[PDB]
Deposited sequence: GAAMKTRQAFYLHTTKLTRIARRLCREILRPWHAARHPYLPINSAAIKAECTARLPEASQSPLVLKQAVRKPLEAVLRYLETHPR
């Protein structure tokens, strides 16, 4: 199987943020085997080109022990 290297370009990184609503990363991240609509993303990125804090572990454990299984 052919070996490869990918260091994602700065443009692709900003496209992913710009076209959040098309890409839907939360959804794509759990669907490796679905084709992402790259065409749509590239279009809307080229068109719109002219322009996160985490809960502590302590807090997640507090949530869990107060929402038992």
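Stretches of the deposited sequence absent from the structure, as judged by C-alpha coordinates, are 1-6, 58-67.
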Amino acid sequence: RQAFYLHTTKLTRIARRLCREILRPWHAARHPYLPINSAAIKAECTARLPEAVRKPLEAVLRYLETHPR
From here on, numbers count along this sequence of modelled residues.
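Taking the mean C-alpha B-factor of each stretch as recorded, 42-50 and 20-28 are not equal, and the higher mean is that of 42-50.
Sort the chain's modelled residues by C-alpha temperature factor and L57 lands in the middle third, per the entry.
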